[PDB]
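Residue numbers (the authors' numbering), protein chains in the order written: chain A, 371 to 418; chain C, 106 to 267; chain F, 106 to 267. One structure is given below, encoded as structure tokens.
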Amino acid sequence: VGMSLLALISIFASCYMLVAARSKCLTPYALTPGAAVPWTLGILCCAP
Amino acid sequence: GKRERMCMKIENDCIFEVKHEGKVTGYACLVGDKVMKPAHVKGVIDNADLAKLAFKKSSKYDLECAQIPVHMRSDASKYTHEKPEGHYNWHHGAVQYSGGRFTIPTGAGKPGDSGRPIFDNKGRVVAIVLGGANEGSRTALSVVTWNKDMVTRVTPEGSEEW
Amino acid sequence: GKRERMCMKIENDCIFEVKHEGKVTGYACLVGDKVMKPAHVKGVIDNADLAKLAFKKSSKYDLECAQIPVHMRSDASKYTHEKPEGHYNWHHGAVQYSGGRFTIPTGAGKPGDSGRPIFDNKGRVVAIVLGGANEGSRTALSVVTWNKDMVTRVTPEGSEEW
């Protein structure tokens with residue numbers, strides 16, 4: 371039970387860190403009025 | 106003379122005040138399908154049609170913005186991404202962009218009107234005010250201004266929120 | 106003319122002399138976010154606020170620069186790096202830049218005026234004086250100048266110290 375809890379904690383922390391990194395990399399484009407996100411960076415970070 | 110009237114006509118229905126408990130505490134500008142406003146000013150805009158939006162806050166730039174409903178997208182400003190040395194317009198007099206800095210005379214410019222934007226000679230929004238750095242007789246401004254691609258914040262040392 | 110009219114007005118509050126046990130020995134210029142003065146003059150800057158700062162000394166360039174207080178940034182001149190052919194303004198007359206040497210007829214400029222900024226017709230500082238050297242009837246200035254990125258010091262052959 372301890373090992374399972376630790377594994378889930380590690381997975382959740384890693385996923386949260388990728389989510390935060392994607393947010394930081396993509397959010398400036400969401401503020402610019404022009405909002406011309408490169409399609410390549412949209413591919414990697416799943417940008418609408 | 107004419108440019109002042111033009112700039113005021115552009116922002117006649119381009120500025121929404123964000124009241125708190127019935128009192129004016131700031132504003133919000135409409136440009137490029139983005140309802141951008143400072144992320145520090147507290148309260149809610151009067152417009153209920155604009156109250157039901159989900160902003161994307163950012164502590165780094167002090168800038169939270171949303172999308173503009175298609176109903177009033179016609180009443181939106183225009184934007185520019187170049188700042189040659191010269192003269193720029195404001196709701197309280199005129200501003201100068203000297204050495205990468207937005208400058209106003211002291212006294213003019215007081216807290217509570219932070220959200221309102223800055224126009225140019227052609228009549229397009231060039232930057233959004235956040236605060237100023239009071240010093241001597243010319244008050245240097247802490248501004249959020251977008252370059253051609255990113256949103257950039259320029260803040261002089263020792264500036265305080267409006 | 107009017108260049109000598111305006112340069113004095115700008116130079117009025119852009120100078121803060123330095124006193125050596127009550128004797129004037131040099132000047133400190135307030136240009137572009139930095140207080141600077143040559144390193145060979147002694148004493149204390151007569152200004153109250155500028156007396157106690159952490160100046161950075163560079164014996165190679167004979168220059169010493171600090172960070173100007175925030176509450177007096179408005180009283181700061183304008184700077185530039187481009188210095189084309191022509192004539193340039195000075196406190197004790199006028200100077201001309203020809204062939205990489207700032208030329209002055211001899212006699213003008215006594216030991217005691219090190220740190221005088223050199224302006225253009227538009228009131229923008231290009232240089233700071235450090236000394237002189239007689240070449241017949243004229244004198245060339247040991248001067249510290251700037252480029253787009255780094256500060257540069259150029260000194261003639263067999264110059265004296267002012």
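For every residue, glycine included, the Cβ atom is placed at its ideal position computed from N, Cα and C.
Bridge partners - residue i, DSSP secondary structure assignment
i: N239(F); result: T244(F)
i: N194(C); result: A199(C) and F224(C)
i: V149(F); result: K124(F)
i: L168(F); result: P143(F) and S163(F)
i: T250(C); result: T257(C)
i: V230(C); result: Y184(C)
Contact with chain A by residue i, beta-carbon distance below 7 Å
i: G137(C); result: yes
i: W251(C); result: yes
i: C134(C); result: no
i: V140(C); result: no
i: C119(C); result: no
i: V259(C); result: no
i: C112(C); result: no
i: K161(C); result: yes
i: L168(C); result: yes
i: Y202(C); result: no
Proximity test, Cβ basis, 7 Å: residue i and chain F
i: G263(C); result: yes
i: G191(C); result: no
i: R243(C); result: yes
Residue interval of the beta strand (DSSP E) (run including residue i)
i: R258(F); result: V256 to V259
i: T208(C); result: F207 to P210
i: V129(C); result: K128 to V136
i: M177(C); result: Counting along the chain, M177(C) falls outside any beta strand (DSSP E), and DSSP gives it neither H nor E.
i: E187(C); result: Here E187(C) belongs to no beta strand (DSSP E), and DSSP marks it neither H nor E.
C-beta neighbour in chain C for residue i, strict 7 Å
i: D180(F); result: yes
i: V175(F); result: yes
i: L396(A); result: no
i: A400(A); result: yes
i: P403(A); result: yes
Opening and closing residue of the alpha helix (DSSP H) in which residue i lies
i: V389(A); result: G372 to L401
i: residue 61(F); result: Outside the shown range of chain F, which is 106 to 267, sits residue 61(F), and nothing can be said about it.
i: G263(C); result: Run containing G263(C): none; DSSP gives neither H nor E here.
i: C415(A); result: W409 to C415
Supposed contact pair residue j and residue i - C-beta distance, whole angstroms, cut 8 Å
i: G228(F); j: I115(F); result: 5 Å
i: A245(C); j: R206(C); result: 5 Å
i: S182(C); j: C134(C); result: 7 Å
i: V123(C); j: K142(C); result: 6 Å
i: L155(C); j: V249(C); result: So it is not a contact: roughly 20 Å between Cβ atoms.
i: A159(C); j: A171(C); result: 7 Å
i: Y193(F); j: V136(F); result: Wrong, their Cβ atoms sit about 15 Å apart, outside the cutoff.
i: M255(C); j: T402(A); result: 6 Å
i: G220(F); j: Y132(F); result: 4 Å
i: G217(C); j: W251(C); result: That belief does not hold up - the Cβ atoms of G217(C) and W251(C) are roughly 24 Å apart, past 8 Å.
Listed by chain order, chain A residues near residue i by CB distance under 7 Å
i: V256(C); result: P398, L401 and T402
Residues that residue i contacts on chain F, provided the C-beta gap is smaller than 8 Å
i: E240(C); result: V175, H176, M177, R178 and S179
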